[PDB]
């Protein structure tokens, strides 16, 4: 019903504070509450939640999915807590390797000069804007698209 502990077991996923540190961070009431929380996945991206976040017994393996050019936080609208609770709250998403594909070669375009010339960053920025997100950055070296959302 209410099994104890944060669940995150999948390869290349990590938290900040680390899972080791979060296990040491349960308070006298039984809650794990941190000031600033990141969940990331090496090679794919990360999600930073500023402020006071209650992580108590969260099944991050079920809730969080950091994929190529996509994150999913709560797979089913029906399992999502009210706004402000859990991870359904403002966050900064970083997606790595957001590079366009050359349509002739079907290889990714990673040249910063070619990306600048086409102003690829502005394509990502307008996509963020039209989705109601706030564009933060596009770092061409790593293909890192950074944007803020108000919730998931």
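Positions refer to the first chain, counted from 1.
Once the C-alpha B-factors are averaged per stretch, 55-63 and 104-112 rank with 104-112 first. For the pair 130-138 and 15-23, the mean Cα B-factor is higher in 15-23. Highest CA B-factor among the listed residues (124, 95, 83, 91): 83.
Going by the entry's values, 4 shows the largest Cα B-factor out of 149, 146, 8, 4. Among the modelled residues of its chain, residue 50 has a C-alpha B-factor that falls in the middle third according to the deposited record. Split the chain's modelled residues into thirds by C-alpha temperature factor. Residue 38 is in the lowest one.
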